[PDB]
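For reference, the structure is listed below as structure tokens.
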Amino acid sequence: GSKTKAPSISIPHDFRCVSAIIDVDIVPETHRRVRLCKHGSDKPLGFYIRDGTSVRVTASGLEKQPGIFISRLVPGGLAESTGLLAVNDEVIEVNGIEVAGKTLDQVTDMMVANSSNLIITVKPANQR
């Protein structure tokens, strides 16, 4: 079941953007959220994604999941500039859509869809 904690962010026509870590007061340090904001026109997100298998730790032990990892960040890109996000980090949620079961096609498409107000939730890999 999908139980995401996604704030219903209503975006106004505001012309100043900063990628900020939202839900930081609620979400554990195990997850990192940056909100992507549009600047002028819809330029592509400053991160690329790849697929693989991520290790999810539970009380049951080490379990493997189909994971979507960041492949690389665009130099001078929002995530790269903030230093709040790294290339190794795997994405957990996008806007509230969990990337579990989603393809890169679907996830990229989903992210570009909510390009105006997009919550990117990754979990820090602490560099793999």
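Identifiers in the structure tokens: chain A, B, ... in order shown; residue index from 1 per chain; ligand index from 1 in order shown.
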Selection: 9 Å around residue 48 of chain A, only C-alpha atoms, excl. self and same-chain fewer than 2 positions, as number ranges by chain = A: 45-46, 50, 69-74, 87, 108
Report as a Markdown table: every residue of segment 79-106 of chain A with an atom at most 12 Å from segment 8-19 of chain A, its closest pair of atoms, and their distance in Å to one decimal, counting only C-alpha atoms, with rows sorted by chain and ascending residue number.
```
| residue | atom | partner | partner_atom | distance |
| --- | --- | --- | --- | --- |
| A:79 | CA | A:19 | CA | 7.9 |
| A:80 | CA | A:19 | CA | 10.9 |
| A:81 | CA | A:19 | CA | 9.7 |
| A:82 | CA | A:19 | CA | 7.4 |
| A:83 | CA | A:19 | CA | 10.5 |
| A:84 | CA | A:19 | CA | 8.9 |
| A:85 | CA | A:19 | CA | 10.5 |
| A:95 | CA | A:8 | CA | 9.5 |
| A:96 | CA | A:8 | CA | 9.7 |
```
Based on DSSP run over this structure's backbone, return all residues of segment 49-106 of chain A in strand (DSSP E), as a list in words.
-> residues 49, 50, 51, 52, 53, 54, 55, 56, 57, 62, 63, 64, 65, 66, 67, 68, 69, 70, 71, 72, 73, 90, 91, 92, 93, 94, 97 and 98 of chain A
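For the pair atom CA of residue 43 of chain A and atom CA of residue 110 of chain A, the interatomic distance is 14.5 Å.
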Determine which residues of chain A receive a DSSP assignment of alpha helix (DSSP H), computed from the backbone, and state them as a PyMOL selection string.
-> chain A and resi 78-82+104-113
What would the file look like if the residues just selected were written as a PDB file, in the first residue's frame with N, CA, C and O atoms?
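As written to disk, out.pdb reads:
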```
ATOM      1  N   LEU A  78      20.393  22.426 -10.100  1.00  0.00           N
ATOM      2  CA  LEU A  78      19.737  22.706  -8.836  1.00  0.00           C
ATOM      3  C   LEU A  78      20.211  21.775  -7.688  1.00  0.00           C
ATOM      4  O   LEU A  78      20.545  22.241  -6.595  1.00  0.00           O
ATOM      5  N   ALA A  79      20.276  20.476  -7.959  1.00  0.00           N
ATOM      6  CA  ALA A  79      20.667  19.499  -6.944  1.00  0.00           C
ATOM      7  C   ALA A  79      22.176  19.544  -6.682  1.00  0.00           C
ATOM      8  O   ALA A  79      22.639  19.343  -5.557  1.00  0.00           O
ATOM      9  N   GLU A  80      22.919  19.846  -7.722  1.00  0.00           N
ATOM     10  CA  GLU A  80      24.367  19.881  -7.675  1.00  0.00           C
ATOM     11  C   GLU A  80      24.822  21.150  -6.937  1.00  0.00           C
ATOM     12  O   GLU A  80      25.730  21.111  -6.116  1.00  0.00           O
ATOM     13  N   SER A  81      24.145  22.253  -7.212  1.00  0.00           N
ATOM     14  CA  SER A  81      24.451  23.528  -6.607  1.00  0.00           C
ATOM     15  C   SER A  81      24.139  23.546  -5.107  1.00  0.00           C
ATOM     16  O   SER A  81      24.931  24.060  -4.310  1.00  0.00           O
ATOM     17  N   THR A  82      23.010  22.965  -4.723  1.00  0.00           N
ATOM     18  CA  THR A  82      22.612  22.957  -3.328  1.00  0.00           C
ATOM     19  C   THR A  82      23.516  22.089  -2.475  1.00  0.00           C
ATOM     20  O   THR A  82      23.768  22.403  -1.309  1.00  0.00           O
ATOM     21  N   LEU A 104      11.638   3.958 -15.180  1.00  0.00           N
ATOM     22  CA  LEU A 104      12.312   5.233 -15.340  1.00  0.00           C
ATOM     23  C   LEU A 104      11.527   6.121 -16.250  1.00  0.00           C
ATOM     24  O   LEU A 104      11.483   7.335 -16.061  1.00  0.00           O
ATOM     25  N   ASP A 105      10.879   5.504 -17.214  1.00  0.00           N
ATOM     26  CA  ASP A 105       9.996   6.186 -18.139  1.00  0.00           C
ATOM     27  C   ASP A 105       8.895   6.855 -17.360  1.00  0.00           C
ATOM     28  O   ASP A 105       8.660   8.041 -17.496  1.00  0.00           O
ATOM     29  N   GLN A 106       8.254   6.083 -16.499  1.00  0.00           N
ATOM     30  CA  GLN A 106       7.178   6.578 -15.676  1.00  0.00           C
ATOM     31  C   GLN A 106       7.645   7.606 -14.665  1.00  0.00           C
ATOM     32  O   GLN A 106       6.992   8.627 -14.488  1.00  0.00           O
ATOM     33  N   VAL A 107       8.772   7.341 -14.003  1.00  0.00           N
ATOM     34  CA  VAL A 107       9.263   8.257 -12.980  1.00  0.00           C
ATOM     35  C   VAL A 107       9.697   9.589 -13.593  1.00  0.00           C
ATOM     36  O   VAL A 107       9.295  10.650 -13.108  1.00  0.00           O
ATOM     37  N   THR A 108      10.505   9.544 -14.659  1.00  0.00           N
ATOM     38  CA  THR A 108      10.924  10.788 -15.329  1.00  0.00           C
ATOM     39  C   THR A 108       9.705  11.584 -15.797  1.00  0.00           C
ATOM     40  O   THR A 108       9.578  12.775 -15.500  1.00  0.00           O
ATOM     41  N   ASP A 109       8.799  10.897 -16.485  1.00  0.00           N
ATOM     42  CA  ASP A 109       7.549  11.480 -16.985  1.00  0.00           C
ATOM     43  C   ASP A 109       6.744  12.109 -15.857  1.00  0.00           C
ATOM     44  O   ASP A 109       6.175  13.193 -16.015  1.00  0.00           O
ATOM     45  N   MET A 110       6.738  11.440 -14.712  1.00  0.00           N
ATOM     46  CA  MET A 110       5.980  11.885 -13.556  1.00  0.00           C
ATOM     47  C   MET A 110       6.628  13.159 -13.000  1.00  0.00           C
ATOM     48  O   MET A 110       5.950  14.142 -12.678  1.00  0.00           O
ATOM     49  N   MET A 111       7.941  13.140 -12.905  1.00  0.00           N
ATOM     50  CA  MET A 111       8.684  14.274 -12.384  1.00  0.00           C
ATOM     51  C   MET A 111       8.589  15.494 -13.275  1.00  0.00           C
ATOM     52  O   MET A 111       8.416  16.604 -12.787  1.00  0.00           O
ATOM     53  N   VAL A 112       8.676  15.291 -14.571  1.00  0.00           N
ATOM     54  CA  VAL A 112       8.559  16.392 -15.518  1.00  0.00           C
ATOM     55  C   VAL A 112       7.095  16.935 -15.511  1.00  0.00           C
ATOM     56  O   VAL A 112       6.837  18.109 -15.822  1.00  0.00           O
ATOM     57  N   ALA A 113       6.152  16.061 -15.133  1.00  0.00           N
ATOM     58  CA  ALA A 113       4.727  16.407 -15.058  1.00  0.00           C
ATOM     59  C   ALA A 113       4.470  17.400 -13.940  1.00  0.00           C
ATOM     60  O   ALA A 113       3.744  18.379 -14.113  1.00  0.00           O
TER      61      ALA A 113
END
```
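Residues surrounding residue 4 of chain A within 9 Å are residues 93, 96, 97 and 98 of chain A [only C-alpha atoms; sequence separation below 4 positions excluded].
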Write out as a list in words the residues lying within 6 Å of residue 121 of chain A, counting only C-alpha atoms and excluding same-chain residues fewer than 4 positions away.
-> residues 32, 33, 91, 92, 93 and 94 of chain A
What is the distance between atom CA of residue 41 of chain A and atom CA of residue 22 of chain A, in Å to one decimal?
-> 23.1 Å
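Using only C-alpha atoms, the shortest contact distance between residue 102 of chain A and any of A:114, A:88, A:65, A:127 is found at A:65.
Compared by their closest atoms to residue 23 of chain A, and using only C-alpha atoms, the residues A:120, A:86, A:52, A:57 rank with A:120 nearest.
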